[PDB]
Amino acid sequence: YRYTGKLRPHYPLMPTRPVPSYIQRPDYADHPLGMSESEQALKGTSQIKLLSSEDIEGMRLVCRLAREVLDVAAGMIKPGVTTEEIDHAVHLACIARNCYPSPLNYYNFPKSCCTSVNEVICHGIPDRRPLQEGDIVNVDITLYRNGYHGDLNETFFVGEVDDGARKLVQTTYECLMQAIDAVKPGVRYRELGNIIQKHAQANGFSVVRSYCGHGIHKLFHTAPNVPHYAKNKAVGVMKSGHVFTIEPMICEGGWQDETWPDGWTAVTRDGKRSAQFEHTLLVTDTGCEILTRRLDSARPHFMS
Ligand SMILES: CCC[C@H](C)[C@H](N)P(=O)(O)O
Ligand SMILES: [Co+2]
Ligand SMILES: [Co+2]
Ligand SMILES: [K+]
């Protein structure tokens, strides 16, 4: 394998962390390949669940707890902390909240969160590498509670970063928020990528094509599929009661990705940096409810 940049995996990985049996587990947790029977049984369906009031309460709660856990990880970001250390803290924080860390064993993903440094687009695996001053690092958190999943992510700065890192992370965040601001009943899911790409391109960045936002609720990933690039062919129209994410990945160089031999870690083919933000959204009647928002503070962590 020819790496695309300076990052490398730092092995070995700690043995898989157990979740006490009193925490309720999603279907894939105990499947030997981490397959989710419930997801597979809707593979290739474009139909979108209309959530009940009970479903809504359940998504509100898990999304709020997920936000709490992200904030725990945010607190840990500093030069010399390993991503595995972050992940151990996340895993304990999930358990403290009586929730399962959704990533763990999802399709045999080995950790409880995803840590994506610099040229890693997404799905980086926490490992023994200490964070370096000048890195950007995204931490992606998903929790499972009472049958519902809640999913969010933010990109963080490790110490002082360069102006390109500032502009990339700020633009990405703005991309997400401009998309969110368009969400309301009657908007086609395919419109969001036009908005995102328009803002990225204006700032000289590209938009990753291989990974999309997604329906989420009883299923970790389900309909709708929400591309983040322009002129996509996404199926469906927003309706009050829909719950989904938006999670644009924006890059300094070109949009093309490839995957490491671990099967998960997605990197820019050119080795330039990428950044991402993610929220879980419920469509309302005004527009939308940002389930994974901060309730106590105005801005994402990288501004603060
Ligand atoms: C390994 C599970 C992690 C999943 C794929 C991420 N939370 P996402 O849906 O890419 O935001
Ligand atoms: Co996520
Ligand atoms: Co997601
Ligand atoms: K990154």
Side-chain angles (χ1 to χ4, degrees), residues 4-7 36 39 59 62-63 66-67 69-70 73 77 83 86-87 90 94 101-104 106-107 109 111-126 129 131-132 134-144 148-158 161-162 164-169 171-173 176 179 192 205-208 210-217 219-228 243-253 255 257 260 264-281 290-292 302:
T4 77
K6 299 172 213 142
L7 207 70
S36 178
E39 287 179 1
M59 288 298 281
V62 64
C63 292
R67 164 57 61 179
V69 171
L70 184 132
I77 310 299
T83 49
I86 297 159
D87 175 89
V90 160
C94 285
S102 304
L104 182 67
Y106 185 64
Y107 295 81
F109 188 81
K111 290 286 196 185
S112 301
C113 65
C114 309
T115 51
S116 307
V117 179
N118 290 341
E119 69 266 39
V120 179
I121 292 162
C122 70
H123 308 158
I125 298 172
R129 180 182 177 280
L131 294 174
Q132 297 180 13
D135 293 338
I136 62 176
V137 57
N138 180 280
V139 179
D140 193 334
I141 302 302
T142 313
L143 280 54
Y144 181 75
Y148 301 93
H149 296 269
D151 186 8
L152 79 158
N153 82 45
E154 290 187 20
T155 307
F156 306 114
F157 296 146
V158 185
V161 300
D162 69 26
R166 280 189 270 278
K167 183 174 164 175
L168 175 62
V169 171
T171 306
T172 301
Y173 183 67
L176 171 62
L192 297 178
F205 299 133
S206 59
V207 180
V208 165
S210 298
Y211 294 96
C212 297
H214 56 92
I216 185 174
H217 37 77
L219 299 201
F220 192 171
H221 300 86
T222 188
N225 185 66
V226 185
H228 312 292
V243 176
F244 64 103
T245 81
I246 309 172
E247 55 181 312
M249 299 133 287
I250 302 311
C251 311
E252 281 184 316
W255 58 261
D257 69 285
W260 282 2
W264 280 101
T265 308
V267 289
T268 57
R269 301 204 67 193
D270 68 9
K272 295 189 175 328
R273 300 173 297 191
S274 182
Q276 186 174 31
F277 291 84
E278 177 176 30
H279 282 297
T280 299
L281 301 174
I290 306 174
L291 304 179
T292 47
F302 78 96

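Nothing fancy with the numbering, it's 1 onward along the sequence. Whatever order the structure lists them in is the order used to number ligands and atoms, beginning at 1. Atoms considered below: every heavy atom in the structure, side chains included; atoms not considered: hydrogens, waters and symmetry mates.
- Here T155 does not reach the K ion (ligand 4): none of its N/O/S atoms is less than 3.4 Å from the metal.
- Using a cutoff of 4.0 Å between basic side-chain nitrogens and carboxylate oxygens, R67 and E154 are scored as salt-bridged.
- Using a distance-only test at 3.5 Å, with no hydrogens or angles considered, a donor-acceptor pair links the side chain of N153 to the main chain of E278.
- Within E247, the N/O/S atom positioned nearest the Co ion (ligand 3) carries the name OE2.
- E247 and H214 are linked by a side-chain donor-acceptor pair at a separation below 3.5 angstrom, with hydrogens and angles left out of the test.
- When distances to the K ion (ligand 4) are checked against a cut-off of 3.4 Å, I121 contributes no N, O or S atom below that limit.
- Centred on the K ion (ligand 4), the angle running from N118 (O) to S274 (O) is recorded as 80°, rounding to 10°.
- A distance-only check finds a donor-acceptor pair linking the side chain of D87 to the backbone of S112 [under 3.5 Å].
- For a distance bound of 2.8 Å, the N, O or S atoms of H214 include one lying that close to the Co ion (ligand 3).
- Checked against a 6.0 Å centroid threshold, the rings of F277 and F302 count as neighbours.
- Seen from the Co ion (ligand 2), atom OD1 on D151 and atom OE1 on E278 lie at an angle near 90° (rounded to 10 degrees).
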